[PDB]
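Participant: I'd like to ask you about the structure that follows.
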Amino acid sequence: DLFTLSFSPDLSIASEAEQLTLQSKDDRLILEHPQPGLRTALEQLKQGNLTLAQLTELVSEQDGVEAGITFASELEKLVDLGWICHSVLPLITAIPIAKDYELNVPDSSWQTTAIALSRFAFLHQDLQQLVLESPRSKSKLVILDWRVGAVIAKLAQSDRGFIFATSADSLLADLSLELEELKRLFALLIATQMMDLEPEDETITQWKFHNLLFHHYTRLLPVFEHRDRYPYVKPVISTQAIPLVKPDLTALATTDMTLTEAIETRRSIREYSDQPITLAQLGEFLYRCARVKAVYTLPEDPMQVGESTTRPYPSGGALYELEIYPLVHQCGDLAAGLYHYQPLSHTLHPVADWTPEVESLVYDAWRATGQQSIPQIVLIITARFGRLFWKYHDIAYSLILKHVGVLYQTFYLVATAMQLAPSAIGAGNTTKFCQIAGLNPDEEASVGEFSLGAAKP
Amino acid sequence: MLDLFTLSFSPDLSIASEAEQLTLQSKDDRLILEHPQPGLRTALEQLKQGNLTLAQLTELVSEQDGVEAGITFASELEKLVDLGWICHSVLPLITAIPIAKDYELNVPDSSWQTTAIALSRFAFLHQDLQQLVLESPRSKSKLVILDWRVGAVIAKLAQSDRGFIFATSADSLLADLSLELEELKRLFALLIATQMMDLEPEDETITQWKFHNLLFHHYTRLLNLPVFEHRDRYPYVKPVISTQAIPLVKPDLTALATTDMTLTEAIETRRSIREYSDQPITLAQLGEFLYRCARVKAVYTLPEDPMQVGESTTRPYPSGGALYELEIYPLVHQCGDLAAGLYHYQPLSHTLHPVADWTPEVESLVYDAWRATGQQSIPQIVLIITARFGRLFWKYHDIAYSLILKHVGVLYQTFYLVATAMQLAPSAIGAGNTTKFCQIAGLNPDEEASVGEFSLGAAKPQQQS
Ligand SMILES: Cc1cc2nc3c(=O)[nH]c(=O)nc-3n(C[C@H](O)[C@H](O)[C@H](O)COP(=O)(O)O)c2cc1C
Ligand SMILES: Cc1cc2nc3c(=O)[nH]c(=O)nc-3n(C[C@H](O)[C@H](O)[C@H](O)COP(=O)(O)O)c2cc1C
């Protein structure tokens, strides 16, 4: 009914003696002794030349009408699972990217109604194809003919109200497209949620493109090839090393504030004592929150991770990709500047001294925290992306941000148990930070911030 | 270079013309010219129109104010290029618009024509206002596509193999589309100068990034106060979903303040536990757990917020802007005094509310959690965390969703530590299908959606000595 059907590229088709197996990651379909007409039709689906009506004829022609009716019936189950692509050749191919899949071809009325390309639709290069995608679609459209890119260019260039009945004459003149191809193309674009039929929205207005795209893509064995580039702790930045104090955790296991007290007492504190936080306090704080407790090689892993660490917080895949850079404006036995915390040696390493660039990071934290007392220490959290990205496809960055939160709450509770003044910070300029430190922004970048000062009695 | 392209003022720039002064104005910078001479004024007007070259603009100034004034004009104009005030165009094809200060366009060496190149994987086309725009998180420019023939060129570039060499492949582009070789060379020079092309066709530590991750990172890691206009639509707690309400137990927190596990013990003992006891977690345990982690402790109106937030709550975890946009849906496969199904936790009344009973759809959410935690024991309870986006999006521009995800983490660690103090079996779950969940519950995915998951069962006691 209107499109050429074909199998998803994600689908694999193991053909053998006696059996035919159709296979995705999720689902498996075995056909034992499939009849010639059905086999012929399954081959033409792999080619992609044909309509449902034509595929049904192939089955019936050899296996009879009941077999063909069964085939069409059972084939729409596979459409639901996202196994069937719909194409308008030679222009475009819709590929499902989700289960529970459906294409409602719209009413003829669309031709006289004002429409527009969705503000969430975008074109980009996927592998060796141009693809049209949207966080609002269950499909990605592979652009086969460059003349489709010309059509989208004109749609985006049009005014708010593009009406196909009055504006299609331009598209058909300059580009050598027939009216029936162009009508089928628009029907697919509407069916795959790339078009707006109401130019107005209601609770979709509130979303920004980059947020909805990220949410969509993250809410659906690999080898650690670059293990030597992204080791379990970062290679030392500076030859200067300031050793930090180590508290007696066995003593604290019985002496420390209770978990219930820590949770119920926890506040964000932005006003500080005149006496800055001490180096001894910073040292105890970091040991309790972020140290390397052990180093182990997992004896089995086929992913070839090599060495990994255990730390005082949980972390997706283990791996522990975050680093901590204490930016010191005021501290006990510490000159002002940017440091890097080294969690295995339990040491600080100077990264940069107090310049105008480093001061503006402290100003941003101060401004972000309501201008309610000059920061003493700001902990800038960074992520070494290569430590995690190899393992996680689309969810790596969403894991990282949940790790920042995991760390924030750990900082909050330990700070509360030490009578320090904690506050998370929502924003920060990563390009400014990457420039101050030595960092390639693609390799490592700030993803979180946390202010820490001495609290008043 | 300013000679290879035609010049215009950024659309973000505004030009207040008055009897004796001329003011050029962005959000950041302000330039006042007192008694500017006719030739300079004429040239500044044509920059606002666009479509003239540096050479032509210099002629306009010189024609009326003399050659020295024109030389001065061209010299001083490259200061404005640095501030992001000047667009560079290859008419009638494309116009590069700066989106950042400290702006520079290094037109590449002729060598690019014989070198293998490719469109950046981070370059993307989308509809901005009434134009098609090419953008990248790796660029300081956005290119407005003026001619559809540029979209055809990009379509072919993306369709090409790893190694597209202009010297050997440009013949196709020039044949089918009516473009001249000099237009096409200028276009490619601009695309290279604005970071839309790769000259090392292989990358190094940029390969590892997926488009949606790099875009989100760049936009979230970069004025009058906003108003909470839809406060009534997004109140401090969600309106009750079901009439059935199962009340939950409330522990003595004053007693726990002294009797509970220490914070150090909780942190040092915390483990992810995926294997469970035969006895499922009880309703009394679930109730104590949620009270300690996620209840509304107080309701207050802030007496002088100008943002008109109205009522807000305090809870056992911190939250960006306060506001507390998250909800918790306990999905119960096995529990003490609770039939299997999906519930919603109500943090002010401290009650559970049935959302959906045990269907094949609800079972597949439990299967996904089981599969995600290694298939190491059937889940007992899975806590699905959701976000009511309108509670937060009004206040935060580009960072709202990154705050939400940090809140999920904040909650995960709170769940982990309390579970550890209660001797329960906790584990965070990295992924989950929001569409499937939104369908099972009653939810519009644009209004509210799952953003986190956490499994919780009864732990074994067990030994090792
Ligand atoms: C954000 C986040 C997501 C996680 N996702 C999963 C998951 O999908 N599956 C799983 O088995 N464990 C998950 N975990 C638990 C980690 O795998 C665990 O912290 C680590 O592998 C081992 O540390 P632990 O045993 O000290 O918790 C997650 C943890 C965090 C912080
Ligand atoms: C992810 C996150 C980001 C935050 N960002 C900021 C911030 O930018 N500025 C600020 O003053 N407080 C920030 N906070 C602290 C909250 O404002 C605070 O938790 C809440 O306003 C008051 O609750 P509390 O005093 O119990 O923490 C943040 C908290 C979290 C969890």
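No lab work stands behind these numbers, since they all come straight from the coordinates. Every residue, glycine among them, receives a Cβ derived from its backbone with ideal geometry; neighbour counts consider all protein chains shown.
Participant: How large is ³J(HN,Hα), in whole Hz, for each residue of segment B:225-234 in order, when computed from phi with the Karplus curve 6.51 cos²θ - 1.76 cosθ + 1.60 and θ = phi - 60°, using x for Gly and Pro?
Facilitator: Ordered by residue, 3J(HN,Hα) equals 5, x, 10, 7, 4, 9, 3, 4, 6, 10 Hz.
Participant: Return the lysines within reach of B:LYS185: Cα separation strictly under 17 angstrom, same-chain partners fewer than 8 residues apart disregarded; answer none if there are no such residues.
Facilitator: Answer for B:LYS185, where 17 Å is the Cα cut-off: B:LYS156, listed by chain and number.
Participant: Enumerate the amide H contacts of B:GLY432 below 5 Å, restricted to partners 5 or more residues apart or on another chain; note that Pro and chain-start residues carry no placed amide H.
Facilitator: Under 5 Å from the amide H of B:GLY432 lie the amide H atoms of A:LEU220, each far enough along the sequence or on another chain.
Participant: Another question about this same structure. Per 0.36 nm of contour for each residue apart, how much would the distance between B:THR359 and B:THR282 grow if the chain were fully extended, relative to their Cα-Cα spacing?
Facilitator: 25.5 nm
Participant: Moving to a separate point now. What do you get for chymotrypsin sites (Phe, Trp or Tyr not before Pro) in segment B:265-347 restricted to DSSP loop and a cutoff of at most 13 other Cβ within 10 Å of the site's Cβ?
Facilitator: Here no chymotrypsin sites (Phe, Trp or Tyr not before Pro) fit, given the DSSP loop and packing criteria.
Participant: Quick one: Cα centre-to-centre distance for segment A:92-152 and segment B:281-327, in angstrom?
Facilitator: Segment A:92-152 and segment B:281-327 have Cα centres separated by 41 Å.
Participant: While we're on this one: Magnitude of the Cβ-charge dipole of segment B:242-328, K/R +1 and D/E -1, about the Cα centre, nearest 20 debye?
Facilitator: 120 debye
Participant: Check the straight Cα-Cα distances from B:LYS101 and name the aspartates and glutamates below 14 Å, setting aside those fewer than 8 residues away within the same chain.
Facilitator: Within reach: B:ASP12, B:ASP28, B:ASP29, B:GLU78, B:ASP82.
Participant: Using the Karplus curve 6.51 cos²θ - 1.76 cosθ + 1.60 with θ = phi - 60°, work out ³J(HN,Hα) for each residue of segment B:301-309 in order, rounded to whole Hz, and write x for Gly and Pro.
Facilitator: The phi angles translate into 9, 7, x, 8, 7, x, 6, 6, 5 Hz.
Participant: Could you give the nm distance between label points at B:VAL237 and B:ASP305, where each point is 7 Å from its Cα heading toward the beta carbon?
Facilitator: 1.8 nm
Participant: Also, quick follow-up: Tell me whether the protein assembly as shown comes out rounded, prolate or oblate; compute the Cα gyration tensor, take square roots of the eigenvalues as a ≥ b ≥ c, and use a/c under 1.5 as the rounded threshold.
Facilitator: It comes out oblate by the Cα gyration axes.
Participant: Per DSSP H run of at least 4 residues, take -39500 (n - 2.57); add these up for the protein assembly as shown, divide by its residues and hand me the 222 nm value, nearest 500 deg cm²/dmol.
Facilitator: -10500 deg cm²/dmol, from helical runs alone.
Participant: Assign one of three labels to segment A:130-281, namely rounded, prolate or oblate, based on the Cα gyration tensor with a ≥ b ≥ c the square roots of its eigenvalues; rounded applies when a/c is under 1.5, prolate when it is not and a/b is larger than b/c, and oblate otherwise.
Facilitator: Taking the square roots of the gyration eigenvalues as a ≥ b ≥ c, segment A:130-281 is prolate.
Participant: Here is a follow-up. Treat every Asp and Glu Cβ in the protein assembly as shown as -1 and every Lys and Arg Cβ as +1, leave all other atoms uncharged, and give the resulting dipole magnitude about the Cα centre to the nearest 20 debye.
Facilitator: Approximately 2760 debye in magnitude.
Participant: Rg over Rh of chain B, using C-alpha atoms and the Kirkwood radius, what does it come to?
Facilitator: Computed over Cα atoms, the ratio is 1.12.
Participant: Please compute the net charge surrounding A:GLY37, taking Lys and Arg as +1 and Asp and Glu as -1 over other residues with Cβ under 12 Å from its Cβ.
Facilitator: The answer is -4.
Participant: Give a quick list of chymotrypsin sites (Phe, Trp or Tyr not before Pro) in segment A:352-457 that DSSP marks as loop, anything other than H, G, I, E or B, with at most 16 other Cβ atoms within 10 Å.
Facilitator: A:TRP354
Participant: So, counting K/R as plus one and D/E as minus one, what does the shell of residues with Cβ under 10 Å around A:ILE97 add up to?
Facilitator: Residues near A:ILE97 contribute +1 overall.
Participant: Okay, next question. Amide H neighbours of A:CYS85 under 5 Å, at least 5 residues apart or on other chains, H built in the peptide plane: list them.
Facilitator: Hits under the 5 Å cutoff: A:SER6, A:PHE7, A:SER8.
Participant: For B:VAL67 and A:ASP201, FRET efficiency with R0 = 56 Å and r from the beta-carbon atoms, rounded to 0.05?
Facilitator: After rounding, the FRET efficiency stands at 0.50.
Participant: Taking the Cα centre of chain B as origin, sum charge times position over the Cβ atoms of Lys and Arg (+1) and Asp and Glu (-1), and report the length of that vector in debye to the nearest 20.
Facilitator: The calculated dipole for chain B is roughly 1940 debye.
Participant: Fewest first, what order do A:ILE400, A:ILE190, B:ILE281 take by the number of other Cβ atoms within 10 Å?
Facilitator: A:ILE190, B:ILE281, A:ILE400
Participant: Let me ask something else. How big is the gap, in Å, between the Cα center of segment B:1-72 and the Cα center of segment A:392-457?
Facilitator: 45 Å
Participant: Moving to a separate point now. In segment B:250-367, with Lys and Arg counted as +1 and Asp and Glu as -1 at Cβ, which of these residues, B:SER272, B:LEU256, B:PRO360, has the Cα nearest the positive end of the dipole, that is, farthest along it?
Facilitator: Result: B:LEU256, furthest along the dipole toward the positive end.
Participant: Here's something else I'd like to know. Taking loop as defined by DSSP and a crowding limit of 14 other beta carbons within 10 Å, which trypsin sites (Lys or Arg not before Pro) in segment B:119-202 fit?
Facilitator: Answer by residue number: B:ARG162.
Participant: So, counting K/R as plus one and D/E as minus one, what does the shell of residues with Cβ under 11 Å around B:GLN376 add up to?
Facilitator: +1
Participant: Mind listing the long-range amide H neighbours of A:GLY448? Cut-off is under 5 Å, sequence gap 5 or more, other chains count too, H placed in the peptide plane at 1.01 Å from N.
Facilitator: Distant-sequence amide H within range of A:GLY448: A:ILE381.
Participant: Could you tell me which of A:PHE385, A:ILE400, A:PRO422 has its Cα farthest along the dipole of segment A:356-457 towards the positive end, charges placed at Cβ (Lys, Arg +1; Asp, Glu -1), taken about the Cα centre?
Facilitator: Projecting each Cα onto the dipole axis, the largest value belongs to A:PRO422.
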